[PDB]
Amino acid sequence: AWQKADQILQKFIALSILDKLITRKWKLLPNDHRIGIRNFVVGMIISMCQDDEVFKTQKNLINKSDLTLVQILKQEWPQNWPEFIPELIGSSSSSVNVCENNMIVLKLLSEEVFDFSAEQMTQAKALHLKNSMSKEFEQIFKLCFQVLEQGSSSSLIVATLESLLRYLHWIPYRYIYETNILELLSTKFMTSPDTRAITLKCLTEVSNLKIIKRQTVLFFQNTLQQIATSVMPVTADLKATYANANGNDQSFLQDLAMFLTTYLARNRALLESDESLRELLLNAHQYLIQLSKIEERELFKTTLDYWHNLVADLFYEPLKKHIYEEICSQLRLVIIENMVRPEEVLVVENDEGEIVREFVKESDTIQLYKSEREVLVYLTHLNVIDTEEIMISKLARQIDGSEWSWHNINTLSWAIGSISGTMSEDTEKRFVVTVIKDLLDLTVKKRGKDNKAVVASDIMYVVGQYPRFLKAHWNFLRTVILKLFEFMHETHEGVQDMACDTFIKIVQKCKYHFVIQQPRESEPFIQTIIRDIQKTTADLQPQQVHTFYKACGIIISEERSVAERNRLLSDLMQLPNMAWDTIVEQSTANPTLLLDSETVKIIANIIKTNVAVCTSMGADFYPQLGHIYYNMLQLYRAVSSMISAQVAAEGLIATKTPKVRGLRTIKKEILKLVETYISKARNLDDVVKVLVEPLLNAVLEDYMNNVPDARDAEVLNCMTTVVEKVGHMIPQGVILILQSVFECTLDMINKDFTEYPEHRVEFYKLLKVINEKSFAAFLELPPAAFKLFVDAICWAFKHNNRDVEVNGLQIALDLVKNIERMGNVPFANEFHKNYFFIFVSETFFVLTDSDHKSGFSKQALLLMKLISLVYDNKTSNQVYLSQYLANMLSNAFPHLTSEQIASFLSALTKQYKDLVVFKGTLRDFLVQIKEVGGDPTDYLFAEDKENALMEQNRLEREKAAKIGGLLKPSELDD
C-alpha cells in the first residue's frame with residue numbers, strides 16, 4: 001500500500017509510511033525500488049534545505065526525514081550504495097544549508113550504526129568496520145576538514161565539529177596528524193566562543209586515539225594559550241566563576257577539566273622530558289588546581305582521579321617530585337580543605353544548617369572518600385613536614401577563633417584522621433597529643449548542643465583512627481574512653497551512636513589494656529566499666545546499649561582463665577539476666593502479656609543483648625547461653641502458640657499486625673542467638689548432646705505447621721549453621737530438618753522467582769550444606785521427594801538472583817560429583833534414567849540464555865561434568881547422548897544447518913577435562929551462532945572480566961598495604 005510516497009513531498013503520517021516499510025518490508029523490494037526510494041528521499045530533503053524559510057522554521061520535519069534516510073543507509077550502505085558519500089560531498093558544495101544538514105546526517109548515522117557503542121571498540125568487530133570502510137572515513141574527514149578551512153556559518157561549523165567528534169575514532173590516524181586540523185582546532189575554533197565547547201571535546205577525543213609527538217605537544221600549547229587569551233587566565237578564581245556561571249560556562253569548565261586530565265594522564269612524560277615545556281606543564285596543572293576548587297561533585301571526581309594518578313606516580317618515582325613540588329603543596333591544601341565525610345562520622349549538616357544523624361549511607365561518596373584519602377596519604381609521604389605543618393597551623397586557627405566554623409573544623413578533622421599510618425610512631429605521638437589537646441579544648445570552648453555535637457563527632461573520628469597511639473598511652477586511652485562515656489549522655493542520637501561505635505572500634509584494638517590491672521589503678525578497667533554500666537548507658541537507645549555490651553564482651557574474651565572470664569561474663573549479664581528471670585516469671589503466669597508491646601519489647605531487647613555479647617565472645621559465651629537455654633526455648637514455644645492463636649482467630653491478615661510482628665521478633669532473635677553461638681562453638685559434642693535436640697524440637701514442627709506468611713526464614717538460616725558445624729554427626733537430626741522444611745518451603749518459592757525472597761536465599765544455603773555434609777539424608781527421602789530435590793536445584797539456577805543461582809549450580813555440581821563417585825550402583829543408573837537429561841537441558845538452556853546474564857563459567861563447568869559423566873564411562877550410552885545433544889542443539893538453534901550442528905556437537909564432546917578450553921569452545925560457538933542473530937554476547941565474557949578486576953584489586957591492596965596510611969587501622973588485623 002506504500003507506493004504513494006515521492007509525490008506528497010516532491011506530511012506527518014506521510015513520512016511515517018516509509019518508516020513502516022523500511023523497518024518491515026525493505027529487503028523484499030527489488031534493487032529497482034530500493035535505488036528509487038533512497039534517491040527521492042535524498043532529493044526532497046535537499047529541496048527543503050535550499051529554501052531558507054523551510055530550513056529555518058521547520059527543522060522538525062527535516063529532522064525525521066534525516067531519521068528516515070539514516071534508516072535506509074543502515075540497510076543499504078556501504079554494500080548496496082557504494083557512492084553515498086560522493087553524493088553527500090557533491091550536494092554539500094552546492095548549498096550551505098544542505099552542507100550543514102548533511103553534517104547532521106553524518107552525525108545521526110554514526111549515532112545509529114557506528115558509535116551505537118564506543119568505549120568497547122577495543123575489539124575485533126569494530127576494527128573490522130574501521131579499516132575496511134577506511135576509504136569513506138577518509139572522505140568524511142576530508143569533507144569536515146575542507147568545511148573547516150573555508151566554512152563561514154557558525155551553525156554549519158558547529159554541525160561539522162559535532163560530526164568530527166563522532167568520527168575521530170574511525171579516521172585513519174594519518175589524517176588527524178599530517179593535516180593541519182589539530183592546529184586549526186587548537187587555535188581558530190578555540191578563539192570563537194560558539195565553537196569552543198565542541199572543539200575542546202574533539203581535542204579531548206584525540207588524546208584517546210591509537211597512536212606525531214611534536215603535534216600532540218603543539219595542539220596542547222595552542223589550546224592552553226587560547227584559553228589564557230580568550231577565556232580566562234590561570235589566575236582566575238574558578239570556584240567563584242563556576243558558582244556564578246550559567247549552564248554553558250559550567251559545562252565548559254567541566255570540559256576543560258576533562259581535556260586537561262585526559263591529555264596529561266597520557267602525555268605527561270612527553271612534557272616532562274623536554275625541559276623547554278616546563279612552564280606549559282606547570283601551567284596546565286595550575287589550571288587543574290583551580291578547577292579542583294570548584295564545588296561540584298563530578299568536576300571534583302574528574303580532577304581527583306587525575307591527582308590520584310599523578311601522586312601515586314610521584315610516590316613510586318620520587319625523582320620526578322621536585323617538578324611538582326609547588327603543585328603538590330597547593331593540592332594538599334585543596335584536599336585538606338575539601339574532605340569528603342568519612343563513613344565513620346555519623347552526624348551531618350542538612351539544608352537548614354541543622355546538625356542531624358544522617359539517614360542515608362551513600363556509597364558513591366565512599367568511593368570518592370577512598371580516592372581522596374589515598375591522594376592525601378600519597379601527598380603526606382611526598383612531604384610529611386608540609387602536611388603536618390598545614391594541619392597543625394590550621395588547627396591553631398580553629399582554636400584562636402580566626403577561622404572557626406563547622407565546615408572548617410570538620411574537613412580538617414577528617415583529613416587528620418585520614419592520614420593515620422602515614423607517620424612514624426614517634427612523629428605521630430607528638431602530632432596526635434597536640435590535636436587531641438586542641439579538640440578537647442574546643443569541646444570546652446564551643447558550647448550549645450550543636451557545637452558540642454560537631455566537635456564531639458570530630459574528636460571521636462580522630463581518636464578512633466589512632467588506636468596505635470591509644471594502645472601505647474594508657475592515660476590517653478582511659479581519658480578518651482571516659483569522654484566517650486560522657487558523649488553517651490548527649491541527647492543527640494547520632495553522637496551517641498558514634499560514641500558506641502568509637503568505643504567498639506578502640507576496644508577492637510586496645511582490648512588487652514582493659515583486662516589487665518594498670519599501674520596506678522585499683523582494678524582492671526573492665527571491672528569499673530561493668531559496675532557502672534547501668535549509669536553509663538542510661539540515656540542510650542537499646543540498639544546502642546547492645547553495642548556497648550558487645551564491646552564489653554570483646555574485652556572479657558581477653559581473659560583466658562575460665563573462672564575469671566565466667567565471672568566477668570556473669571557480672572556483665574546481671575542486668576539482662578535480672579530482667580529475664582522477672583519476665584519469664586510474669587509471662588508464663590500470664591501468657592497474654594505476650595500481646596503487650598512493652599513486654600515483647602523487653603524480651604526482644606534481652607535476647608538482642610545476649611546476641612550482641614555472644615557475637616563478641618563466641619565459644620566463651622556458653623555459660624550464659626546455658627543459663628537461659630531451656631526457658632528461652634519454652635519462651636519460643638509459648639510465643640509460637642500465641643502466633644498460631646492469632647492466625648486461627650483473625651486470618652492470614654494477622655501476620656501483618658504489630659502484635660504478631662512483635663511476637664516473631666522474639667523467635668527471630670532466639671534463632672539468631674543460637675545460630676551465633678553454634679557458629680563459633682568449640683565444644684561441638686556438647687552442642688550435639690545438650691543443645692541440638694531441644695532446638696530442633698522447639699523449632700521444626702512449628703515451622704512446618706505454620707501458614708507460609710508466618711514461617712521465619714531465620715529458622716532455615718539457623719539450621720544451615722547447625723548442619724554446617726555438626727551436620728556430619730547428626731544424621732537423624734538432618735533428616736528431621738529436611739522432613740520439616742523441605743517440601744513446605746519448596747512449595748512457597750516454586751511459583752515465581754520473587755515471592756518470599758529471604759526464604760529462597762536461606763533455603764538453597766541450607767540444601768547446599770545438607771547435600772555437602774549429610775548427603776545420606778537425601779537418600780532417606782522417598783523417591784518422590786528426590787525428584788523434587790532435582791527440580792528445586794534446576795529451579796535455583798534458573799533464578800537471575802546471584803544469591804540463589806550460585807548455590808543451585810554448586811549443589812548441581814556437588815550432586816553430579818557424587819553420582820560420578822558411586823560409579824555403577826543402582827542409584828546412578830536411576831539418576832541417568834530420571835535426572836541426568838534434566839540437568840543437561842536445564843544447564844544448557846540457562847547457559848545460552850541471553851537474558852540470563854549471570855554465571856557462565858560455573859554453568860559451563862556443570863555441562864562439562866555432565867558430559868564427562870557419560871563419555872568418561874566406557875559402558876555408558878555415548879551415541880545416545882550425542883543424539884540427545886544433536887536434538888537439543890537443533891532445537892535451540894533452528895537456523896543452523898545440519899553440518900553446523902554436527903560440528904558444534906563434535907567440538908562440544910571432544911574433551912571434557914580442561915574447563916578453560918571447554919569454555920573457550922562453547923564461547924567460540926555461541927558467539928558465532930548469536931552473531932547471525934544479533935543476540936547479546938558479553939554475558940559470555942563477564943565472569944572473566946569481573947575475575948580479572950578482582951585480581952587487579954587484590955594486587956593493588958597488597959601494594960597499598962606496604963604504604964603506611966593507605967589502609968585504615970580498622971582494615972588492619974588487628
Side-chain angles (χ1 to χ4, degrees), residues 182-183 185-187 189-191 196-209 212-213 215-242 249-294 296 298-314 317 320-335 338 375 378-379 382:
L182 286 180
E183 241 191 31
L185 298 187
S186 67
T187 62
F189 298 114
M190 287 305 298
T191 306
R196 210 134 68 197
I198 197 89
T199 298
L200 206 48
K201 279 156 153 71
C202 280
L203 294 165
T204 296
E205 212 52 31
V206 159
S207 316
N208 286 335
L209 301 167
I212 311 160
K213 237 163 166 199
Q215 275 282 275
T216 35
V217 174
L218 187 177
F219 84 74
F220 194 65
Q221 231 156 23
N222 285 343
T223 293
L224 277 165
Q225 269 154 33
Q226 217 60 58
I227 291 138
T229 297
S230 298
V231 196
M232 84 276 292
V234 77
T235 53
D237 184 343
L238 302 185
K239 166 176 183 157
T241 303
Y242 191 98
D249 289 352
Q250 289 185 338
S251 173
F252 180 73
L253 294 179
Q254 171 63 215
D255 292 343
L256 181 60
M258 190 57 75
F259 173 68
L260 297 168
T261 54
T262 59
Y263 179 98
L264 293 166
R266 193 160 201 239
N267 306 130
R268 181 167 70 230
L270 278 74
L271 301 182
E272 288 175 357
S273 59
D274 179 345
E275 252 175 305
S276 126
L277 318 153
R278 177 125 318 148
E279 191 187 29
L280 166 78
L281 181 60
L282 300 184
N283 200 66
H285 283 88
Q286 191 60 44
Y287 271 111
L288 268 178
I289 284 287
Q290 291 309 85
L291 294 166
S292 293
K293 300 175 170 162
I294 288 171
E296 202 289 311
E298 298 312 317
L299 218 148
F300 192 69
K301 184 188 193 294
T302 299
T303 59
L304 189 59
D305 288 340
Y306 177 81
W307 302 121
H308 186 279
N309 178 296
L310 181 62
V311 297
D313 182 35
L314 302 182
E317 274 221 26
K320 298 158 102 268
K321 87 190 225 191
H322 78 101
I323 309 176
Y324 300 105
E325 236 188 313
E326 173 70 21
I327 296 291
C328 290
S329 212
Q330 302 181 69
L331 183 59
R332 282 185 195 94
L333 211 54
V334 166
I335 299 305
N338 295 272
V375 168
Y378 284 123
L379 285 169
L382 288 168

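When a residue number appears, it is its place in the shown sequence, counting from 1. Every heavy atom of this structure was used, including side-chain atoms; hydrogens, water molecules and symmetry mates were not.
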Original post:
How about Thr216 and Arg266: do any of their side-chain heavy atoms sit closer than 4.5 Å?
Top reply: no

Original post:
How would you list, by chain and number, every residue that makes a side chain to side chain donor-acceptor pair (under 3.5 Å) with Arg332, sequence neighbours excluded?
Top reply: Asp386, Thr387

Original post:
So does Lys301 have more than 12 non-hydrogen atoms from other groups sitting under 6.0 Å from NZ?
Top reply: no

Original post:
For the residue pair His285 and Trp307, does the interplanar ring angle fall in the parallel (under 30°), tilted (30 to 60°) or perpendicular (over 60°) class?
Top reply: tilted

Original post:
Can you find a pair of side-chain heavy atoms, one from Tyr287 and one from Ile227, that are under 4.5 Å apart?
Top reply: yes

**OP:** Answer yes or no: is there a side-chain heavy-atom contact under 4.5 Å between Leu185 and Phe219?
**Re:** no

**OP:** Go through the steps to decide whether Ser230 and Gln226 satisfy the test side chain to side chain donor-acceptor pair (under 3.5 Å), and finish with yes or no.
**Re:** CA-CA 5 Å; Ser230 298; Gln226 217 60 58; 3.2 Å; yes

Subject >> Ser273 side, atom OG; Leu271 side, atom CG - distance, nearest 0.5 Å >> reply: 7.5 Å

Subject >> Spatial distance of atom OG (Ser207) from atom CE (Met258) [nearest 0.5 Å] >> reply: 11.5 Å

**OP:** Check whether any side-chain heavy atom of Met232 sits under 4.5 Å from a side-chain heavy atom of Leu238, and report yes or no.
**Re:** yes

Subject >> Residues forming a side chain to side chain donor-acceptor pair (under 3.5 Å) with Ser276, sequence neighbours excluded >> reply: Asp274

Original post:
Can you check side chain to side chain donor-acceptor pair (under 3.5 Å) on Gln330 and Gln286, steps first, answer last?
Top reply: CA-CA 9 Å; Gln330 302 181 69; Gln286 191 60 44; 2.7 Å; yes

Original post:
Heavy-atom distance under 4.5 Å between the side chains of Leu288 and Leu256, does that happen here?
Top reply: no

**OP:** Would you confirm whether the ring centroid of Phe259 sits within less than 6.0 angstrom of the ring centroid of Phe220?
**Re:** yes

